[PDB]
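Inspection log for the structure reproduced underneath, given as structure tokens.
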Amino acid sequence: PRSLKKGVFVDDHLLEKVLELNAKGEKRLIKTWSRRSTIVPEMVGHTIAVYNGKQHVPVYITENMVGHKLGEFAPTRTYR
Amino acid sequence: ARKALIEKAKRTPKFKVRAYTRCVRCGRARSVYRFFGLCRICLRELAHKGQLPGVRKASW
Amino acid sequence: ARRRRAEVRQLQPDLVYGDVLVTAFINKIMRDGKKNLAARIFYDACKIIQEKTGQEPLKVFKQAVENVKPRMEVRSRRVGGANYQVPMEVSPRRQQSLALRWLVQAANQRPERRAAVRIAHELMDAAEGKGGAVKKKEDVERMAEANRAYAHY
Amino acid sequence: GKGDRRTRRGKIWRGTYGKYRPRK
Amino acid sequence: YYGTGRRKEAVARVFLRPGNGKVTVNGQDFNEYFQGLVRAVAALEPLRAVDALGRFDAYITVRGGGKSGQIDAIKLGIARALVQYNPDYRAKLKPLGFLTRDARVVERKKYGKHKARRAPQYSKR
Amino acid sequence: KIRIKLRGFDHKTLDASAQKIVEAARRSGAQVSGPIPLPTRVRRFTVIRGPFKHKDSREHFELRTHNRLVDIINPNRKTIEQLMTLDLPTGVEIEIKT
Amino acid sequence: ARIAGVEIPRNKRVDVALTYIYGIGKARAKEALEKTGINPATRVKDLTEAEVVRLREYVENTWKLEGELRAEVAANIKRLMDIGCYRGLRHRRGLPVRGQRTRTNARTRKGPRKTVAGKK
RNA sequence: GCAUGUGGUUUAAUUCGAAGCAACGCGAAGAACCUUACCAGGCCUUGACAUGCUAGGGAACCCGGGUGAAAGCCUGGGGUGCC
RNA sequence: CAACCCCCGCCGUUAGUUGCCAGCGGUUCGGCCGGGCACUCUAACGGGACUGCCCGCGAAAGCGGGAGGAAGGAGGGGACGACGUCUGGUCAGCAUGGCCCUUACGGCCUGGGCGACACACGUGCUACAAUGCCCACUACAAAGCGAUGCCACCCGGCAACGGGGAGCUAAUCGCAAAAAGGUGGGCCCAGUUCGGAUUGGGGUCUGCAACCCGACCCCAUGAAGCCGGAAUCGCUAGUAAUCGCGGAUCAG
Ligand SMILES: [Zn+2]
């Protein structure tokens, strides 16, 4: 039930970095710290590597997973 | 207070949220009063010597 | 109290009847200082006595109190490396206080819904020498001369 | 009723306003 | 006849005019400004003291405090004005102690505490 | 209709300062409403005595900003003379709006 | 007095009653009587068979309820669950999801207390 | 039941102190970055701050671009006072 | 130690843009306007209790009781902590002897963490309900804070909020509704209209950014819990219990 009003956020760092990967079709690996960002319907299908606290976790994006953020896929807390 | 952070917390930041306080005197950051701009310790310190005008010791 | 017996707070008699005994009782119902509420309780509990009994509630009240005042009590004591229940003649002050209190503690334990009601019934069954108000009275005494084997301390 | 953030007191407590406590 | 009744941070403007016997407070009937208030009757006690009920009117105003205090506040005021009418009245008033005023004021919350007295609870000392 | 507000920190400093305006205002002016108190606004400071950690310590500091008013109706060019540059208090701030 | 979904709320007031239904809370109920003119004050047992039906037809063809609500949620959970979503994991672990603390008061999501050994 | 402090266990890090009464909603009267002292990874060295010295080049200053997560690195311009 | 100093209670003087038919004239009958400082108030100074008076006890100090008085014997509450004790705490506030690093034990940044959870204790909050819960109409408070800040009022929206926009530099505008209470009516003793945990879902706002980790709103969900083992805390009067309001810090 969280919310960012009118104007969904995504860091231009990868936005205009990932879109350029559209002019060529597909790529393989993306690495950027901004996990601040929401995921866009315009972003589906790429394999983005997000930063943990030390590692860089690779995340495949699904047609079914557009409404969540990047951080929601990079677990920080190692447990058990 | 580390000089590396007094003088630091003074230069304008790229984001307005980032800007916090410090005590002009001690350099403390934990609890300065805006009104005087001094570390709670510091407030007392001068409050006592009589260096903060109109600043008396409350009694009621 | 170490230095003195300390004076006993004097109360303002009732605005209605005028007996301080009244004011004392009400104080006892009152919780959280909502003395305006507890005031009502007593009055509406009085009105119940009028409708349910051909008698002035003022009188009924006193006689009910009069009947639960235990005149005998226990007060534990360590003599011999042991707890010896010493029965003892209770003073005037402590009776009146024990009465009112028990009247109440007992009342709120009634199966009845409305508070004022609970008081009303407890106030009657009291003057008729029953209920629990008087039971919490007869029970203490049922310890008084129960262990009267020790009234030599 | 103080935790019931959807009642009278519920709001009065949190000091928030809502469908349960309005502005007159 | 004005007297001035103050009690626990609440002022009471008292006016005794020879009338039928009615109290108007802040513009409303005495018994209307105090509905459901048990100790309400308390205000008039200083009057029924000298058997002077119904001979005066009571134009009363009040500011500050709480209704369950203002009562006493008026109570005093009436008393204080009652001397203006007949100073010789003290004889029947002070024995009943209506010309006294108590510092029943709400004590200051000291620090380290939860109120003016109520200290905080430690468990394993 | 010269409205004179007097805000300060010391109540004696203002009393005098205020009186000083009362005196040379009746000698050359006319009918003055006298000096009036407000209110007075306090600035409390609840600080811990020790610098280390003892919540239960706490010293209490206040800061009283006294407010005094002196009204002068029927403002003459003669009144403004005595009350032109004939002041002496230091920790007193005045402002006029007429 | 019967069936909304498969349920039977009865002998009490309507407004109260309807609460009993999985999908209805102290809100919908009032907004389902305001949309029908049935006076809440009246008990369930004293409803006009016709009055009854209206309520029925309405409530059933608008809000998602028991036989379907419990469903939507259920899978809704498995949603982010099937995904490497943090929130999903908290769900796996049976811990707090919304963001609480996992050091003290959490018990509501762990259930009974599981006491273990320690030192001094 | 939940908030909050602490033990303990955990963790790349879970920064630090406080310890019976006289530690534990205690420094912290305000941890999302910041704060922040911790851990990771990228980067910087007369260094983010003081006073100064010896050699070489330039008023200070201002506005771009490239690379970049930012910092940083590279680069380019206009620019030329007081003695 | 007491006293001198502040706040509280009585009263007096000085002061009237707070206050009022207190007494008169008009009203859109709002103290709104005049007009008036009386009262409330506001605040600066000063008076006032000293066992001074009466009875008793007493060698005296003093004690008990009474009276007049607003107040009594230190009238209530503050600030105010001796010589020293604990090698008390604190070099992470600051300062400072000493040793230790100075291409790093320094400095910038990005992201993570301080929020981790099988458990355990401390301080607390919410509740187990009819002396009660809910909705409605209605009445009394203090003390604070306010410039890009407090926001009247109107409009959109269930609503958080948003759009518009007046007043205040603040005893004269605003935060503001105090709450309990009172009048009506609903509940009828249920795990319930008690209780609000947790979870789904949809939104608002702050802010570069609310995943980790923000409050708020709305719909749904509606858990433990029916008064607490041994044990253990606070409080001697306007106190405890209860009820709401304000501020500091601070974008939130
Ligand atoms: Zn400082």
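In the structure tokens, the first chain shown is A, the next is B, and so on; residue numbers restart at 1 for each chain, and ligands run from 1 in the order shown.
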Exercise. Please give me, as a VMD selection string, the residues lying within 12 Å of ligand 1 when counting only C-alpha atoms (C1' of nucleotides) and all ligand atoms.
Key: (chain B and resid 1 6 21 to 34 36 to 46) or (chain F and resid 51) or (chain I and resid 93 to 94)
Self-check item: For residue 65 of chain G: contacts at 9 Å, only C-alpha atoms (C1' of nucleotides), fewer than 5 positions along chain excluded, given as a ChimeraX atom specification
Solution: /G:4-5,21-24,59-60,70
Exercise. Excluding segment 214-224 of chain I and any residue of its chain fewer than 4 positions from it, enumerate the residues within 6 Å of it, using only C-alpha atoms (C1' of nucleotides), and give them as a list in words.
Key: residues 23 of chain G; 1 of chain H; 159, 160, 197 and 210 of chain I
Quiz prompt | Contact set, chain I to chain E: 10 Å, only C-alpha atoms (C1' of nucleotides), as number ranges by chain | solution = I: 7-10, 22, 39-41, 69-71, 75-78, 121-123, 139-142, 181-183, 232-235, 237-240
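Residue neighbourhood of residue 12 of chain D, excluding near-sequence residues (fewer than 3 positions): residues 1, 2, 3, 4, 5, 6, 7, 8, 9, 15, 16, 17, 18, 20, 21 and 22 of chain D; 177, 178, 179, 244 and 245 of chain I, at 12 Å, using only C-alpha atoms (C1' of nucleotides).
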Practice problem: Find the residues near segment 43-45 of chain E: any atom within 12 Å, counting only C-alpha atoms (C1' of nucleotides), skip ones fewer than 5 places away on the same chain, and give them as a count of residues only. | Solution: 43
Counting only C-alpha atoms (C1' of nucleotides), which residues in chain I sit no more than 10 Å from chain C? For each one, give the nearest pair of atoms and the distance in Å, sorted by chain then residue number, as a tab-separated table.
```
residue	atom	partner	partner_atom	distance
I:130	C1'	C:114	CA	6.9
I:131	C1'	C:115	CA	6.4
I:180	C1'	C:34	CA	8.5
I:181	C1'	C:36	CA	8.4
I:188	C1'	C:113	CA	8.8
I:189	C1'	C:113	CA	8.1
I:236	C1'	C:1	CA	8.5
I:237	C1'	C:9	CA	9.8
I:240	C1'	C:32	CA	10.0
I:241	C1'	C:32	CA	5.1
I:242	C1'	C:32	CA	4.6
I:243	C1'	C:32	CA	9.5
```
Quiz item: What residues in chain I lie within 8 Å of chain F, counting only C-alpha atoms (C1' of nucleotides), written as a VMD selection string?
Solution: chain I and resid 15 to 16 42 to 44 89 to 90 93 171 248
Output file for the residues above (N, CA, C and O atoms (P, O5', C5', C4', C3', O3' and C1' of nucleotides), as a PDB file, in the first residue's frame):
```pdb
ATOM      1  P     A I  15      -1.231  55.814  36.740  1.00  0.00           P
ATOM      2  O5'   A I  15      -1.010  54.590  35.739  1.00  0.00           O
ATOM      3  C5'   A I  15      -0.095  54.694  34.647  1.00  0.00           C
ATOM      4  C4'   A I  15      -0.175  53.470  33.745  1.00  0.00           C
ATOM      5  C3'   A I  15      -1.533  53.070  33.176  1.00  0.00           C
ATOM      6  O3'   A I  15      -1.942  53.851  32.053  1.00  0.00           O
ATOM      7  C1'   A I  15      -0.390  51.135  33.902  1.00  0.00           C
ATOM      8  P     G I  16      -3.193  54.855  32.196  1.00  0.00           P
ATOM      9  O5'   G I  16      -4.347  54.265  31.277  1.00  0.00           O
ATOM     10  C5'   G I  16      -4.199  54.184  29.866  1.00  0.00           C
ATOM     11  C4'   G I  16      -4.213  52.742  29.460  1.00  0.00           C
ATOM     12  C3'   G I  16      -5.350  52.292  28.550  1.00  0.00           C
ATOM     13  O3'   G I  16      -4.796  52.299  27.224  1.00  0.00           O
ATOM     14  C1'   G I  16      -4.992  50.782  30.395  1.00  0.00           C
ATOM     15  P     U I  42      -3.113  37.441  34.287  1.00  0.00           P
ATOM     16  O5'   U I  42      -2.059  38.248  33.429  1.00  0.00           O
ATOM     17  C5'   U I  42      -2.090  38.214  32.021  1.00  0.00           C
ATOM     18  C4'   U I  42      -1.632  39.538  31.509  1.00  0.00           C
ATOM     19  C3'   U I  42      -0.343  39.999  32.180  1.00  0.00           C
ATOM     20  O3'   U I  42       0.802  39.574  31.446  1.00  0.00           O
ATOM     21  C1'   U I  42      -1.964  41.722  32.232  1.00  0.00           C
ATOM     22  P     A I  43       1.922  38.662  32.159  1.00  0.00           P
ATOM     23  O5'   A I  43       2.809  39.677  32.986  1.00  0.00           O
ATOM     24  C5'   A I  43       3.587  40.632  32.307  1.00  0.00           C
ATOM     25  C4'   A I  43       3.833  41.798  33.206  1.00  0.00           C
ATOM     26  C3'   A I  43       4.879  41.632  34.296  1.00  0.00           C
ATOM     27  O3'   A I  43       6.037  42.155  33.647  1.00  0.00           O
ATOM     28  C1'   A I  43       3.020  42.991  34.936  1.00  0.00           C
ATOM     29  P     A I  44       7.498  41.897  34.237  1.00  0.00           P
ATOM     30  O5'   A I  44       7.593  42.849  35.519  1.00  0.00           O
ATOM     31  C5'   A I  44       8.719  43.710  35.714  1.00  0.00           C
ATOM     32  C4'   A I  44       8.380  44.859  36.654  1.00  0.00           C
ATOM     33  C3'   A I  44       8.470  44.635  38.159  1.00  0.00           C
ATOM     34  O3'   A I  44       9.809  44.798  38.635  1.00  0.00           O
ATOM     35  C1'   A I  44       6.563  45.949  37.621  1.00  0.00           C
ATOM     36  P     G I  89      34.653   3.442  36.484  1.00  0.00           P
ATOM     37  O5'   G I  89      33.858   4.609  35.717  1.00  0.00           O
ATOM     38  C5'   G I  89      32.400   4.538  35.615  1.00  0.00           C
ATOM     39  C4'   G I  89      31.789   5.597  34.661  1.00  0.00           C
ATOM     40  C3'   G I  89      32.550   6.055  33.428  1.00  0.00           C
ATOM     41  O3'   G I  89      32.510   5.028  32.404  1.00  0.00           O
ATOM     42  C1'   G I  89      31.351   7.906  34.407  1.00  0.00           C
ATOM     43  P     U I  90      33.777   4.815  31.410  1.00  0.00           P
ATOM     44  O5'   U I  90      33.812   6.196  30.582  1.00  0.00           O
ATOM     45  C5'   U I  90      32.619   6.708  29.954  1.00  0.00           C
ATOM     46  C4'   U I  90      32.694   8.215  29.675  1.00  0.00           C
ATOM     47  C3'   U I  90      33.877   8.813  28.926  1.00  0.00           C
ATOM     48  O3'   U I  90      33.686   8.700  27.526  1.00  0.00           O
ATOM     49  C1'   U I  90      33.096  10.298  30.636  1.00  0.00           C
ATOM     50  P     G I  93      32.088  12.311  24.264  1.00  0.00           P
ATOM     51  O5'   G I  93      32.479  13.123  22.958  1.00  0.00           O
ATOM     52  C5'   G I  93      31.462  13.638  22.123  1.00  0.00           C
ATOM     53  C4'   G I  93      31.458  15.147  22.141  1.00  0.00           C
ATOM     54  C3'   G I  93      32.813  15.801  22.134  1.00  0.00           C
ATOM     55  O3'   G I  93      33.413  15.741  20.865  1.00  0.00           O
ATOM     56  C1'   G I  93      31.331  17.021  23.521  1.00  0.00           C
ATOM     57  P     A I 171       1.677  41.046  20.789  1.00  0.00           P
ATOM     58  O5'   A I 171       0.599  40.909  21.967  1.00  0.00           O
ATOM     59  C5'   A I 171       0.386  39.645  22.578  1.00  0.00           C
ATOM     60  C4'   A I 171      -0.976  39.549  23.239  1.00  0.00           C
ATOM     61  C3'   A I 171      -2.292  39.690  22.480  1.00  0.00           C
ATOM     62  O3'   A I 171      -2.667  38.347  22.182  1.00  0.00           O
ATOM     63  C1'   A I 171      -2.432  40.194  24.821  1.00  0.00           C
ATOM     64  P     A I 248       9.197  24.022  18.915  1.00  0.00           P
ATOM     65  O5'   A I 248      10.423  23.300  19.618  1.00  0.00           O
ATOM     66  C5'   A I 248      11.470  24.066  20.187  1.00  0.00           C
ATOM     67  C4'   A I 248      12.346  23.183  21.032  1.00  0.00           C
ATOM     68  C3'   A I 248      13.113  22.092  20.298  1.00  0.00           C
ATOM     69  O3'   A I 248      14.393  22.566  19.941  1.00  0.00           O
ATOM     70  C1'   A I 248      12.021  21.184  22.189  1.00  0.00           C
TER      71        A I 248
END
```
Quiz prompt | All residues 9 Å or closer to residue 14 of chain A, only C-alpha atoms (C1' of nucleotides), same chain fewer than 2 positions away omitted, as JSON, numbers by chain | solution = {"A": [10, 11, 12, 16, 17, 18, 19, 30, 31, 32, 34]}
Self-check item: Separation of atom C1' of residue 38 of chain H from atom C1' of residue 17 of chain H, in Å and rounded to one decimal
Solution: 15.3 Å
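Interatomic distance, atom CA of residue 22 of chain F against atom CA of residue 80 of chain F: 12.6 Å.
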Exercise. With a distance cut-off of 12 Å and only C-alpha atoms (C1' of nucleotides), select the neighbouring residues of residue 24 of chain I, excluding the residue or stretch itself and same-chain residues fewer than 4 positions from it, and output the selection as a ChimeraX atom specification.
Key: /I:34-36
Selection export as a PDB file, in the first residue's frame, atoms kept: N, CA, C and O atoms (P, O5', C5', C4', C3', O3' and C1' of nucleotides):
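Final output, saved to result_19.pdb:
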```
ATOM      1  P     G I  34     -15.308  52.287  18.249  1.00  0.00           P
ATOM      2  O5'   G I  34     -16.128  53.403  19.043  1.00  0.00           O
ATOM      3  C5'   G I  34     -16.748  54.475  18.340  1.00  0.00           C
ATOM      4  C4'   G I  34     -17.718  55.216  19.232  1.00  0.00           C
ATOM      5  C3'   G I  34     -17.188  55.750  20.553  1.00  0.00           C
ATOM      6  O3'   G I  34     -16.499  56.985  20.329  1.00  0.00           O
ATOM      7  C1'   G I  34     -19.411  54.889  20.795  1.00  0.00           C
ATOM      8  P     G I  35     -15.217  57.372  21.223  1.00  0.00           P
ATOM      9  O5'   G I  35     -15.760  57.286  22.713  1.00  0.00           O
ATOM     10  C5'   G I  35     -16.696  58.235  23.203  1.00  0.00           C
ATOM     11  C4'   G I  35     -17.235  57.778  24.534  1.00  0.00           C
ATOM     12  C3'   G I  35     -16.181  57.273  25.504  1.00  0.00           C
ATOM     13  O3'   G I  35     -15.551  58.348  26.189  1.00  0.00           O
ATOM     14  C1'   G I  35     -17.921  55.692  25.383  1.00  0.00           C
ATOM     15  P     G I  36     -14.021  58.207  26.647  1.00  0.00           P
ATOM     16  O5'   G I  36     -14.139  57.510  28.071  1.00  0.00           O
ATOM     17  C5'   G I  36     -15.079  57.985  29.027  1.00  0.00           C
ATOM     18  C4'   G I  36     -15.545  56.856  29.920  1.00  0.00           C
ATOM     19  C3'   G I  36     -14.465  56.018  30.567  1.00  0.00           C
ATOM     20  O3'   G I  36     -13.766  56.600  31.643  1.00  0.00           O
ATOM     21  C1'   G I  36     -16.086  54.560  29.746  1.00  0.00           C
TER      22        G I  36
END
```
Quiz prompt | For residue 104 of chain G, the nearest of the candidates I:228, I:115, I:64, I:25, counting only C-alpha atoms (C1' of nucleotides) | solution = I:115
Residues of chain I at most 10 Å from chain A: nearest atom pair and distance in Å, only C-alpha atoms (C1' of nucleotides), as JSON lines:
```
{"residue": "I:110", "atom": "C1'", "partner": "A:33", "partner_atom": "CA", "distance": 7.1}
{"residue": "I:111", "atom": "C1'", "partner": "A:33", "partner_atom": "CA", "distance": 6.1}
{"residue": "I:112", "atom": "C1'", "partner": "A:53", "partner_atom": "CA", "distance": 3.8}
{"residue": "I:113", "atom": "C1'", "partner": "A:53", "partner_atom": "CA", "distance": 8.4}
{"residue": "I:116", "atom": "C1'", "partner": "A:77", "partner_atom": "CA", "distance": 6.5}
{"residue": "I:117", "atom": "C1'", "partner": "A:79", "partner_atom": "CA", "distance": 8.8}
{"residue": "I:200", "atom": "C1'", "partner": "A:1", "partner_atom": "CA", "distance": 9.1}
{"residue": "I:201", "atom": "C1'", "partner": "A:1", "partner_atom": "CA", "distance": 7.0}
{"residue": "I:202", "atom": "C1'", "partner": "A:1", "partner_atom": "CA", "distance": 6.9}
{"residue": "I:203", "atom": "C1'", "partner": "A:3", "partner_atom": "CA", "distance": 7.4}
{"residue": "I:204", "atom": "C1'", "partner": "A:5", "partner_atom": "CA", "distance": 7.3}
{"residue": "I:205", "atom": "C1'", "partner": "A:5", "partner_atom": "CA", "distance": 8.4}
{"residue": "I:208", "atom": "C1'", "partner": "A:11", "partner_atom": "CA", "distance": 9.4}
{"residue": "I:209", "atom": "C1'", "partner": "A:36", "partner_atom": "CA", "distance": 6.3}
{"residue": "I:210", "atom": "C1'", "partner": "A:2", "partner_atom": "CA", "distance": 8.5}
{"residue": "I:211", "atom": "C1'", "partner": "A:71", "partner_atom": "CA", "distance": 4.2}
{"residue": "I:212", "atom": "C1'", "partner": "A:76", "partner_atom": "CA", "distance": 6.8}
```
Could you turn the residues from that selection into a file that holds C-alpha atoms (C1' of nucleotides), as a PDB file, in the first residue's frame?
```
ATOM      1  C1'   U I 110      28.042   5.231  -4.032  1.00  0.00           C
ATOM      2  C1'   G I 111      25.303   1.251  -1.867  1.00  0.00           C
ATOM      3  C1'   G I 112      24.584  -1.594   2.502  1.00  0.00           C
ATOM      4  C1'   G I 113      24.275  -1.438   8.117  1.00  0.00           C
ATOM      5  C1'   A I 116      19.371  -8.126  11.532  1.00  0.00           C
ATOM      6  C1'   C I 117      16.283 -13.037  14.847  1.00  0.00           C
ATOM      7  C1'   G I 200      -4.169  -8.032   1.017  1.00  0.00           C
ATOM      8  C1'   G I 201      -5.512  -3.979  -1.688  1.00  0.00           C
ATOM      9  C1'   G I 202      -5.999   1.190  -3.272  1.00  0.00           C
ATOM     10  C1'   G I 203      -4.272   6.277  -2.422  1.00  0.00           C
ATOM     11  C1'   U I 204      -1.917  11.269   0.038  1.00  0.00           C
ATOM     12  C1'   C I 205       2.628  13.935   1.410  1.00  0.00           C
ATOM     13  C1'   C I 208      17.079  13.392  -5.178  1.00  0.00           C
ATOM     14  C1'   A I 209      15.317   9.213  -3.273  1.00  0.00           C
ATOM     15  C1'   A I 210      10.514   5.889   1.253  1.00  0.00           C
ATOM     16  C1'   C I 211      12.978  -1.849  -1.233  1.00  0.00           C
ATOM     17  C1'   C I 212      16.300  -2.522   2.836  1.00  0.00           C
TER      18        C I 212
END
```
Quiz prompt | 7 Å contacts from chain G to chain I using only C-alpha atoms (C1' of nucleotides), as a list in words | solution =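 Residues satisfying the distance criterion: residues 23, 24, 25, 73, 101, 102, 103, 108, 114, 115 and 116 of chain G.
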Mind dumping a table of every chain H residue within 7 Å of chain B, with the nearest atom pair and its distance in Å to one decimal, using only C-alpha atoms (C1' of nucleotides), sorted by chain and rising number, as a tab-separated table?
```
residue	atom	partner	partner_atom	distance
H:28	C1'	B:30	CA	6.5
H:29	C1'	B:31	CA	6.2
H:34	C1'	B:18	CA	4.4
H:48	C1'	B:4	CA	5.5
H:49	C1'	B:3	CA	6.2
```
